[PDB]
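Asks: The structure's right below; bear with me while I get my questions together.
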Ligand SMILES: Nc1nc2c(ncn2[C@@H]2O[C@H](COP(=O)(O)OP(=O)(O)OP(=O)(O)O)[C@@H](O)[C@H]2O)c(=O)[nH]1
Ligand SMILES: Nc1nc2c(ncn2[C@@H]2O[C@H](COP(=O)(O)OP(=O)(O)OP(=O)(O)O)[C@@H](O)[C@H]2O)c(=O)[nH]1
Ligand SMILES: Nc1nc2c(ncn2[C@@H]2O[C@H](COP(=O)(O)OP(=O)(O)O)[C@@H](O)[C@H]2O)c(=O)[nH]1
Ligand SMILES: Nc1nc2c(ncn2[C@@H]2O[C@H](COP(=O)(O)OP(=O)(O)O)[C@@H](O)[C@H]2O)c(=O)[nH]1
Ligand SMILES: [Mg+2]
């Protein structure tokens, strides 16, 4: 039988954990009120 | 190993979504609450722990009710408590209100969920977005959404399901505007926007399905069955299965021109067939009958370019060719002189499922036909001319221009609209 | 054999101390009574004659209330009756008070017992401070402790877990004074000063732990899991265990540049963890995101230097090593050109024990990231800029000089901050 | 859910679990439903949101932990077992 | 001593390859497990041709299963003989194919090609003596056309003297199940015309027609359709394994068939195909087995051999027959249908007779011919190409990877050259 | 007889070595306790080679365990094989071996070497012809590299003639467990191209590949990886504990496998490395183990064996084969891939056939090949150094335990020297 050495095949998406500047609570969740003075 | 993130956006979408996810859950075998009492589920679901099959979706709505009801319903214990991103103020039928104003605030929380849903995926063959050419949430957001995803995720085929403005019936006064702008940000950032119009769905379920007074519910189940069919090959088994990447190379016939139609044909009234069962031969003809077209556009006034016929059920490999033959001979059905072929068969095995309490029978066959006929040219030409009437006397522009959209944009959109016109006209003029 | 001396100082550190010792007790089999109903308690629980496990700590604050709370509360039969070092006045949000007055009338009383702690068992790996940068005992008393213990003991590594001022969130009007006044005597004797913010965890407890009403007790349990993880690799068996004198050798490149970050990855509640499969792939992909950094600081602006990924629980080492190769090929976590490496790994065999009746889901996995990035310089300019608005006329200075203070250190601390700002800056640029 | 570890599952809050003192001691009618949907549900002092659903017990293991049919290297190296020609019954 | 391997490439060829190892393994007695449960001894004496012996007596089929989608070998593994193959040559790419000859040959193709050539060689070196290979592909789409023609390219320089046998379902004229099928065949048959000596061109129209006019079966699926294909697949290489009278391997067929190097497109046929309802009067005489071969209804390609002369006939007869009666009927077909046979070649048939018939059927033959009328197939698909290419319909999705208009105007020119030189000899 | 001293210094080596002791205990039938529970006399005849003896027969392992942290001590102690080890040989030192090259080579580390060499001596003396030194270590850490290059230096001076058979896990690209490995590596290679003759370079980036693409596992732990290493460890000494047609000792594995004096860094490998799934579809023949010995996916180190004309290779075949095959199958491989083998060395292969096969695999082999490919492994750590040096990186903890910029420049110089040496012949 002939035989020969082989190996190291090349074989064997998601953009980033980071980027995507992440926003705050006053967006999709409850907003604590604003409380102006009295005049 | 095959995955498809589903971004249900806007009321329309979230609605078509709760109809599609029921159809999906049943087909696979999970009770509306996860917990299945196999690789099928994978395409549209992901297991996580002691039987908590959760879906691959991300419900998005700038308004907080259509998703609130999805959060306090029966499928509440299914969708991740974080995938159903709601919001605050609505989008007042304003492309600007979504794309430029309100919308620009949730885009982050939607694309980060999309990010997570895809790092857990191992083969995103294509996204499935569900929008409506009616208002901002469905138009503006889906635009921003597309643009970002287009570059952020990449060549992954983003296929979308859209509800086009009907040529007479409508629930808006500004729909001509909203829709035209959506195209300017879709004709270049999508691959196949399987369209549909309620007016025709309200006739399929009025001439065939003997059902008067149909509500939204009984108009999205049929949309669910079309989408279920185009995603059944990459979910169960088959003989000539078509991957999501082939519903493109074998349909879109030029750079743009990427808007397929739809025609599930064995739509049969519940109380009807007691001594009959449709056979491929006629089930095919049914989808081509100019009365099952779920998108209103005299299919005869044009030239069917390409055609994909997905057969689900006991469809035999050689009888689909019999059907294809006769159809090709039928004079009326005119196929362009450029495409000598013109069909793509998909014999899957799983028979169309039965929503427990709907309007569909248990037919052992199906023919979801996604067709690209020039006819749609006119089907959007109507909307275009409706735009003309309003814009002429700057009407309802005050509202959009006052949310961050240069009035110029409107005109530029009509330029891209009138482009797809000559394009559809051009992709027909018989070769000299 | 293994040891870590945990010194709890200030209002904040005592509060963290109440909660962090809950974790250490509940990991082992010591009920809060003190008696145990093998060799893993020898790092945080000094054994006695009867079977009691008196903890290795010292509790000190000038304020009587916080220690008397421990001297009246439930954790009271286990604490040494004298290690509860109680002062008799208050540090008064004042660097002057704690470092050059009533602070130096409690030193010999706290330095006797902390000296009495070293001589009763062997193997002192390092030193654990718990304080805050805010205004008083955590700046005045903390300073005089860790400068004096750096000559009396010798060389063993000195770790602190401070509560840095948020660039918004603040419960005192002179924090920037008493934070730049505790960086001259931090930068020269603290090997790794693990700062933890307040604003971030408020946000982390809201998005992921899903608390829209968080109290201080919840803020300290999450930090309690952070300090448990670094001290679990010397307490429990593993596969790539790190030691308290070697993660110094791989996290601080330059002698001045030493301030790390911190992130617990399974930081999520019960109604989301049944919905999510906390596998190795995204449990390392949740440390790197800008929504789980326990210090409010932009992690993208500023390129990463070294990442000591403390894994915990059941993780298969290949799944780790392949997931690490992912975080390198993605293009937003910029790593330094001066090290192509930068990823220290380590796996323990003990799963996280969440305190029962607690917010955190009980997960048999954890990734306690200990980051070190060139971004915290931008989180130092914010407190530096606060100095440049209250020193322009020298407000709130008469309490400082009034007890006793030179005005010299105020300008001298700024050029120390100017040194620390410029130090975390030259290590970003390329040398051609 | 219930079969997920034999200790009782984490029941959502009901009428009988309301004590005097907390902010959720709700004035008006107290039935089992308003504490099971979140927009009537308010927040308490440092607790999760009212789970609104049947969650498993405290000791339940969350997430998938794969236990593959394995044994690994001292199975692939430690033993060479070829396909056994099973003797069929004499038909 | 003698070897041939098989290369299942494409959804077609893998399922045809499923039929390959259930008509061969039953022809010489191997079970679904792999154990030999047979009766005759002269079927393990040449097992080394298609099989590799293992420890204990299990025989493994030397065959790779090439694709660019895991779905089609999940099907063939779950099939009745899906345990017989090595689980190491079940090589699969994970990204899809999209029926693109372009994407399955230049971009998503060039990830599996080193991996398949690693497992092609590991069997093909492990021989005593090679004669050639076998690759069942589509010629009508993605994985079959694209990857398949890359294999026959890279496998050619690596063994430059072996009988490279490729099987292909040519896209039928009326039957069309792929809209891009003239954009797949024309570019693929471009490469087929140089690095392939034996290629048996089959279709799907005539395979249906044999099932509706000869077998009388009113439900031909894709299972029984490929059994007729697998009948030829055996028959041309039954003379390799099974002993008998006047012999002919593959190099023989070639030398005694391909006249000029380009002109090597062949047409198969199974001779004793009878309707299933037949039970009585069982005497398959040789004078009626010669009529069901040279008729244009058992032709397994779309083109008919009436609209052009032949070039060379190969008939691998099987069973026990008196070759006087065999030869005299090879004469009469030449003499009776004299116009539909070459005059510049004196004798236009090859005869090959085995001794072992197929299982069941006492007498059989395999018709291999090359009529000059297959240029009708090559001209019609050129007409199917000159209407698409002229104003560039699907090209915007084939030029996206980097194959510009240069490769299409040259392939059509080579297509017209394949039409022209194939026809200039019909004039004679 | 010929004895081999075994030192276990480091965090990685400690476990690789303990794992080795099980894959050497089973062969000589030593139960975890210490009594012999085997079945043949062909194992007790050399129970005096890797094992010693004891009143009764508690053949205790001649090992010397060392680590400046009593962690692995109890870890190993409380393991599959612990009791057997000598309580006295557990020389440890409650300290902090902080991953730092200047930890166990200059500071704390050096304050134990004395007690270490004290044990090493006790054994070395109580024995006949000593042969070599078996240190299981890691060329990327504190003890592993620092204390390693110390114990080996202070042993090649006390025992010159005796060879030095170390086993190190060289750093790599993908797998990265420490941050200051580049340093710990370069610094160690310095005192390894000057005081060793048998350095078996193993990696974790290709070993994991073997355990994912060959033994297809789903949970490759740390025990799995070490077991593959342990195999080759108990394979290069098989011709010193068991009979064999053609034997080859560790000096024969030196005069033959070390071409020029400096080129002594070799890569390891095992033969029967197939998964259970296919361990029934493939036979285990001398003409088969050779491809599972000459394949990059069966080498436990990285460095594509292709990019580098292999200098000298050796295969300790085990079991009962026929040298007629061994000789020819080796010969074939050689001339078949002559381009990738070297020319200035006419023959480039050494065949060593034992008679005792590894528990199970009736025919096994260990591939130790010196190739001009290990240069890449020694160039990746060099570029790593450059970066973490141009801008003096974590040197503030090295140049603080008694180090000097000079040392680093020296190490890197001597490091790049070996690259040039493994290239000045490659070009030929
Ligand atoms: N098929 C189908 N179409 C729907 C359904 N609900 C709404 N639509 C379509 O959507 C149009 C109404 O506008 P939408 O797009 O739903 O409004 P929106 O998505 O909330 O966007 P905004 O109005 O800007 O907030 C109608 O003309 C319908 O054609 C539904 O349940 N099924
Ligand atoms: N996370 C957390 N932070 C706390 C807690 N208690 C106090 N803090 C922090 O501590 C700050 C309050 O000032 P401290 O630094 O604690 O006061 P002090 O140093 O003890 O000085 P005196 O009160 O005068 O003795 C706040 O800004 C908080 O950020 C707590 O329980 N959890
Ligand atoms: N005989 C046979 N022909 C098939 C089979 N499947 C598909 N075909 C033919 O192949 C053509 C389509 O090629 P296709 O399978 O989509 O290409 P591929 O998926 O890239 O290999 C159709 O015209 C069918 O007639 C099969 O199982 N058997
Ligand atoms: N392959 C393998 N490598 C290991 C194992 N245990 C540790 N290592 C390696 O050892 C290296 C760290 O060495 P280090 O702990 O600094 O050596 P030390 O001086 O003894 O502390 C890491 O790169 C690991 O890859 C194991 O079980 N298998
Ligand atoms: Mg205080």
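Method of determination (from the header): electron microscopy, 3.5 Å.
Placed from the backbone N, Cα and C atoms, the Cβ positions cover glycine too.
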Asks: In Swiss-Prot, F:11, F:69, F:138, F:142, F:143, F:144, F:226 are given as binding GTP, so which of F:165, F:204, F:256 is in that site too?
Replies: F:204
Asks: Give the range, chosen from F:1-4, F:5-8, that Swiss-Prot lists as motif 'MREI motif'.
Replies: F:1-4
Asks: Based on Cβ atoms within 10 Å, give me the single least packed residue among the binding-site residues F:11, F:138, F:143.
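Replies: Selected from the binding-site residues F:11, F:138, F:143 on minimum Cβ neighbours within 10 Å: F:11.
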Asks: Could you give the Cα-Cα distance between residue F:58 (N6-acetyllysine) and residue F:226 (GTP binding site), in whole Å?
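Replies: Given the Cα positions, residue F:58 (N6-acetyllysine) is 26 Å from residue F:226 (GTP binding site).
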Asks: Please list residues from the chain of residue F:172 (phosphoserine) whose Cβ is under 8 angstroms from its Cβ, counting only those at least six apart in sequence.
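Replies: Non-local contacts for residue F:172 (phosphoserine): F:203, F:204, F:205, F:206, F:302, F:377, F:380.
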Asks: Work out the three-state DSSP category of residue F:172 (phosphoserine).
Replies: coil
Asks: When each of the recorded positions F:58, F:138, F:172 is checked against chain C, which show a C-beta distance below 8 angstroms?
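Replies: Qualifying residues, whose Cβ lies under 8 Å from chain C: none.
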Asks: Which residues, sitting 6 or more apart from residue F:142 (GTP binding site) on the same chain, put a CB under 8 Å from its CB?
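Replies: The list for residue F:142 (GTP binding site) reads F:68, F:97, F:98, F:99, F:100, F:101, F:103, F:104, F:109, F:184, given in order along the sequence.
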Asks: Filter the recorded positions F:11, F:58, F:69, F:144, F:172 down to those with CB closer than 6 A to an atom of ligand 4; keep them in sequence order.
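Replies: List returned for ligand 4: F:11, F:144.
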Asks: Residue F:143 (GTP binding site) to residue F:55 (phosphothreonine): how many Å between their Cα atoms?
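Replies: Approximately 34 Å lies between the Cα of residue F:143 (GTP binding site) and that of residue F:55 (phosphothreonine).
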Asks: I'd like the per-state residue tally for the motif 'MREI motif' (F:1-4) from DSSP, helix first, then strand, then coil.
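Replies: The counts are 0 helix, 2 strand, 2 coil.
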Asks: Check the DSSP secondary structure of residue F:11 (GTP binding site), expressed as helix, strand or coil.
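Replies: In three-state terms, residue F:11 (GTP binding site) counts as coil.
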Asks: What residue among the recorded positions F:55, F:204 has the most other CB atoms lying within 10 A of its CB?
Replies: F:204
Asks: With GTP as the bound species and F:11, F:69, F:138, F:142, F:143, F:144, F:204, F:226 as its recorded binding residues, calculate the greatest Cα-Cα distance and give it in Å as a whole number.
Replies: 23
Asks: Determine, to the nearest whole angstrom, how far the Cα atom of residue F:69 (GTP binding site) is from the Cα atom of residue F:55 (phosphothreonine).
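Replies: Computed Cα spacing between residue F:69 (GTP binding site) and residue F:55 (phosphothreonine) is 32 Å.
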Asks: Could you tell me the C-alpha distance between residue F:144 (GTP binding site) and residue F:55 (phosphothreonine) in angstrom, no decimals?
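Replies: Rounded to the nearest whole number, the Cα-Cα distance is 34 Å.
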